[PDB]
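Q: Before I ask anything, here is the structure I am working with.
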Amino acid sequence: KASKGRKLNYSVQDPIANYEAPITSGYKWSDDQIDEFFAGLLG
Amino acid sequence: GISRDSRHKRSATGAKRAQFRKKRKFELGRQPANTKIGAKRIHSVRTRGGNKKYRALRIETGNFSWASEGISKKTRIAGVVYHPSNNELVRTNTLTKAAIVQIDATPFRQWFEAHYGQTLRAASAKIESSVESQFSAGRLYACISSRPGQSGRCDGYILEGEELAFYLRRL
Amino acid sequence: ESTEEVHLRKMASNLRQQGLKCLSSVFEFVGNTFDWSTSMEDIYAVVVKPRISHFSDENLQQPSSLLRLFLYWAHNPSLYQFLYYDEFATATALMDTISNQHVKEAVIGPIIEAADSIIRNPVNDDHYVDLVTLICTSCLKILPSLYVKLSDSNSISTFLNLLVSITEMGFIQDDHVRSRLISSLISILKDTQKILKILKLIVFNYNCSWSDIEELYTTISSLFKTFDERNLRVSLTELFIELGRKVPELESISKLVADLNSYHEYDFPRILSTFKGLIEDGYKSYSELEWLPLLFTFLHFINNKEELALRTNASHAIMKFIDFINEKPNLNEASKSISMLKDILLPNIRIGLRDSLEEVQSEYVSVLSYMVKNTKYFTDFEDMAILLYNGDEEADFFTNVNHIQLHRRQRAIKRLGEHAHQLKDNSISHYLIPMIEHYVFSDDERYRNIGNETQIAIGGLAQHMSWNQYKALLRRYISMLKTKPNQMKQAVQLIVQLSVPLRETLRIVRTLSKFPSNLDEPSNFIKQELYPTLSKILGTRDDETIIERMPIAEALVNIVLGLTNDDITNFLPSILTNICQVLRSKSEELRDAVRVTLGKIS
Amino acid sequence: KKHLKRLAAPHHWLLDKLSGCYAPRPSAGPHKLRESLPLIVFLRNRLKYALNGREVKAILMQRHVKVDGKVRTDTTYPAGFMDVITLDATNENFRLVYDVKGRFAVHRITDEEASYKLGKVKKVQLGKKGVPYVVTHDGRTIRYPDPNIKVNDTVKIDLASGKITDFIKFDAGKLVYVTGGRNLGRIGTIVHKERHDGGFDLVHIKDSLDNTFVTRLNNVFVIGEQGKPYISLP
Amino acid sequence: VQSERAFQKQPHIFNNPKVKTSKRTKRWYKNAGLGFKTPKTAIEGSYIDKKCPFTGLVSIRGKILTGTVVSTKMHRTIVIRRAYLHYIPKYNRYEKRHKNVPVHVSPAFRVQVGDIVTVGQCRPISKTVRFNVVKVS
RNA sequence: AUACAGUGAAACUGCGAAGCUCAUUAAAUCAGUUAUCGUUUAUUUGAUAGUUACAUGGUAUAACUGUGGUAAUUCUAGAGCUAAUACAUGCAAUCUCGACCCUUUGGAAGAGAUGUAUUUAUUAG
RNA sequence: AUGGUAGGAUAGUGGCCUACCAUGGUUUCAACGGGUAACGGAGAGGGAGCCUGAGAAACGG
């Protein structure tokens, strides 16, 4: 089952580490605004 | 990138074998030709020697054989219904040998009328009930026996008898 | 066109060939759907009419497009007007193809089916009645010749289909038609139910004189023993019942034969009563022609194994015929009875002696015993009577060989082997060896002591035996070595037992009956058949049966020495080295087998 | 590879090991490299007619040499077993037969003997259009063979027409030439064929001196009946 | 027989539904030679096995070996063990060794753990299987 | 040589282009031997294809002529030629069964039959 | 990783790879791992990729 990758493996993979860096700016709308709008998502 | 060497694999006793040498082209392997329904597209690929292979990337036509009455007609392929190996090919309607497909019953229908003079002498005109139902529906089940990815052809034969019943239960 | 325009003539021939196919092809496909009434005359006048005159000679080999057109016209009632045109020229043309000497089977089959279809397809017009009469008369006159030409079983069947169609249609009403249909039928004899049904209709409806049906009666009498399935028998008995009705002489016999063969199960009280009837002077009354179906039935009952009363009575029923031969005042009328004894009973006795079943064999062994004991007019079994010593018991060998006590069987077979020299060669090969050889291959524990002495007895018997039969006896056993794995040991020992009688034949000539004067001819037979075949079997590498093939080497050292001294030097080295090649084998037990065999050889 | 050292050259050619750096490689042709004698070796080192490769080229270019009745101009043509070499200028005809030691011997033959050769039937099978044919040890494809001809039989081929004149079945008592192994070049009569299916079939052969030896079937070549060879032996 | 997603059938062997001459489906079989009797269960069996020496597209050629069955747990193949006495010249003495060979077994043969099987070499069937069972005892 | 015909630059076709320096690896290198009924194979060699034509087109250009750009290359654009084993196109026969058994090798009415390559199906083997 | 079924690709066999299924395979008769007078296999500035041809993943492009 683990063989051939049929099972997800949660170990580190070195080549993919630090391929990209997160953007610290984040979403344009503030976190509280996003939380509010999801709570009302689709009524 | 695709290679056919057995060196990369693990041993029978099981030592993780080390790379002897760089990949050679005389164990070369090529990508899967995911044949699919539609306007014919075939590519010519140069193989070892002067031999040539045809890569049916797209095909909507095939020469399918009615083995019982011993004919073979060229018919449109409707789509893939069942493939024993993997269902994703059925979902993607990938065309490969042993794939169960739906084919044109019109030429077979006309041929039957011509040769037996009966809609669909009488004893010969009699055939299996399930295939009669398939013609009445207008869609015929068939199994591909040719390899579109090597010869560039999607030939096949009409399912009948035990094979037809088995695939019907599988469907 | 003149012969000069060769190219133009060739293309015209192609157009005629292609078009004539075109007429047949279109007319096969849409023959029934389209109405041709307007074009009946135009098609007939321009196509068929120019070619009717010669049509016989062209279409002899294989079916043609024009011929295929006529056949469909014959098949389909609506299209008979083609046949009606011009005094039935096309129908006459079809008959002319049949009448031709060089007509081949491929064209007969389609015609004869077409003629049958017309007979079966009545049509309400005057032309049809004339048509069927012409077809029937031409067909019936020539049927026996066509059958001989036929080479396909289906082609036989379609013929017989037409014959039954004739009976149902009622052309057999006429005497001449009846005679011709009989002449065709006896050719078929000279599927089966259809014959019997055809015979039943022609025979039941009409009286026949005894001379006409005597030959039919004898063959159909023989069909009793050949036939085994119940449907075959009941139909066969029904014919004999009717064979009785027409001719008062046979009414008694057919009445007997019917009560001999009763069905599904046989009526045991009645058949036994019939057996009491024949034994108590009824056998005296029966005439020579009466015996036949009684005999053929008797040979069937004795062949039976399930019911004890039937085979016992049947065996004694055969014994009544032997008494009937004795009752005959002299040899002349006895000879006519003896001829049947030689033709019918003796072949079926001999195969009966080779029958596997013991209870079945014992009846035949009883049958032969009575013949040897009573030999007033049948003298072929005189040699056996010498073995019998006037039929004295414990001396006859007939009671001992099938005795309940096995030691009595074994003591008797040695005595027979000792006295083989007095016995005549043909009897030794045809009757005696068949009765004893089954002991050799018997599998039971109880019969092995009998089997070993039987091998000695057969060896002595083969010593006093004919060259031609003795050859066939050898060749059969060599075939058994290859064909039968379980009987190899029994075969090889018996072959060694048959080597020695050939041996004691060959030293004094440099004994066997009718031995050839010249030693070269027997010598060659050994050089190309016996020595090679036995040697290659000996040299085969199958360690499972290596022990079983060792006595072959004894047979090899046998067959060589009486061959010429030059031949001796040729073959012993190959034989004896093979003995050595098994001697070198590591197995101690096998090596001991080589040592003793090499000793006996020595 | 494409170059051959003299030290690596086949032993049976008889070639001296110190003559030069390199030896002739037989070209592609009827016979295998290890079982062929190139015409350069045959003509220069056995016949001594030529003194180096250049006179060999001149001779072959004069078309004075015929192999199996046809002119050869290739210096390294692979002549082999049962090959007929004709030199019309010298009126000489040779057949290549191994000696007892296992080397080609330059055996002179008469014109009639040169007219025919013998080929062991390697294969019997029908080609296209249902035409039977036989493939011999020298690669000759001969169509319409006699039905009785089977594998391991020997066919007498007429060089002029390339047709089978006669044939010999493979059977005990037949006269046989050894074409491989330690017994190479020996002649003897068959005694027995030891059949190992799925393996190498072995044949026992007895010489005129009654000595017996065993050899694989692939090294067997029927050449005639005992005491009646179809060829003049060396 | 039909325990797989695909339909199992002998390639190029046809049973005509219309003709229906015989109830039994037409079965193709061959004798492997080498004096190995083709078993009757293979002749009248209903299994489909592409690697069977009598009904599959595999030919027995080359070495013929014998061994003792050691494992029969996997599908249509087994593991056999062959032992021998190897010679050591320095001590001039023999030592026992063994080797395990995986061999294909057709369903026409019933093999347990401990019996003796004679096997025939054939083309590469799998990563490790080069042989095929041809006689059981 | 009144189509050219010897030799022949250039160009288009055809064939062939398949020593050094670093690392190191225990029967996984290598050597012997088996099988390919599980495969490809230039070339050599033996066989092997009866299914407008007194010879078609540029659907064509190189070399070549000539006009130019660029510091500039095995860098180059425009215009005008002309060919093939380069590129495309393409064309009144034979063999059987053989009545008549006419003549008795023989002619012969009539019936017929007749590429290869790929893929699938089917039959014989 | 051991094997079966089916598929993809090769010049073709084959887990070589892919979809499902069984938990298998070697080993104290030495698997696996370590050392070595095991000179007693790799690349053409460095990795990735493509093209020709019968034969090269080409000391070519």
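Residues 7-143, in that order, are what chain E shows, numbered as in Swiss-Prot.
Structure method, as recorded: electron microscopy, 6.0 Å.
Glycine residues also receive a Cβ, built from the backbone N, Cα and C atoms like all the rest.
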Q: For which of E:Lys56, E:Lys69, E:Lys102 does Swiss-Prot record the feature ubiquitin cross-link?
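A: Record lookup, Swiss-Prot, feature ubiquitin cross-link, residue E:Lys56.
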Q: From E:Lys43, E:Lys133, name the one Swiss-Prot lists as ubiquitin cross-link.
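A: Comparing E:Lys43, E:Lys133 with the record, Swiss-Prot tags E:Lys133 as ubiquitin cross-link.
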Q: In Swiss-Prot, which of these is labelled ubiquitin cross-link: E:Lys24, E:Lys57?
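A: Annotation hit in Swiss-Prot: E:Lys57.
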Q: Out of the recorded sites E:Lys15, E:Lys46, E:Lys96, which are near chain B, with a C-beta less than 8 A away from one of its C-betas?
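A: Listed recorded sites passing the 8 Å Cβ cut to B: E:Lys15.
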Q: Within 10 Å of each Cβ, count the other Cβ atoms, then let me know which of the recorded sites E:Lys79, E:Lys141 comes out lowest.
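A: If we count Cβ atoms within 10 Å for the recorded sites E:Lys79, E:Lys141, the smallest count is at E:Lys79.
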Q: Test of understanding: give the count of other CB atoms lying within 10 angstroms of the CB of E:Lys96 (ubiquitin cross-link).
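A: Cβ-Cβ neighbours of E:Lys96 (ubiquitin cross-link) within 10 Å number 5.
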Q: Could you round the CA separation between E:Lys133 (ubiquitin cross-link) and E:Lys141 (ubiquitin cross-link) to a whole angstrom and send it over?
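A: If we compare the Cα positions of E:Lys133 (ubiquitin cross-link) and E:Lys141 (ubiquitin cross-link), the gap is 23 Å.
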Q: Between E:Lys96 (ubiquitin cross-link) and E:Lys46 (ubiquitin cross-link), what is the CA-CA distance rounded to a whole number of Å?
A: 52
Q: Round to a whole number and give the Cα-to-Cα distance in Å for the pair E:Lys141 (ubiquitin cross-link) and E:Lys57 (ubiquitin cross-link).
A: 15
Q: Please report the DSSP secondary structure of E:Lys46 (ubiquitin cross-link), reduced to three states.
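A: The residue in question, E:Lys46 (ubiquitin cross-link), is helix (DSSP, three-state).
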Q: Under a criterion of Cβ-Cβ distance under 8 Å and sequence separation of at least 6, what residues of the same chain contact E:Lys57 (ubiquitin cross-link)?
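A: In sequence order, the residues whose Cβ lies under 8 Å from that of E:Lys57 (ubiquitin cross-link) (at least 6 apart) are E:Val64, E:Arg82, E:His110, E:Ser112, E:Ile131, E:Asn138.
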Q: Measure the Cβ-based neighbour count of E:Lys56 (ubiquitin cross-link), defined as the other Cβ atoms within 10 Å of its Cβ.
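A: Excluding its own Cβ, the number within 10 Å is 12.
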Q: Looking at the recorded sites E:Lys15, E:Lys46, E:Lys105, whose Cα is closest in space to that of E:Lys56 (ubiquitin cross-link)?
A: E:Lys15
Q: Specify the secondary structure state of E:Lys96 (ubiquitin cross-link) as given by DSSP, simplified to three classes.
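A: For E:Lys96 (ubiquitin cross-link) - judged by DSSP and reduced to three states - the answer is coil.
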Q: Let me know how many other Cβ atoms fall within 10 Å of the Cβ of E:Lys133 (ubiquitin cross-link).
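A: Result for E:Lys133 (ubiquitin cross-link): 10 other Cβ atoms within 10 Å.
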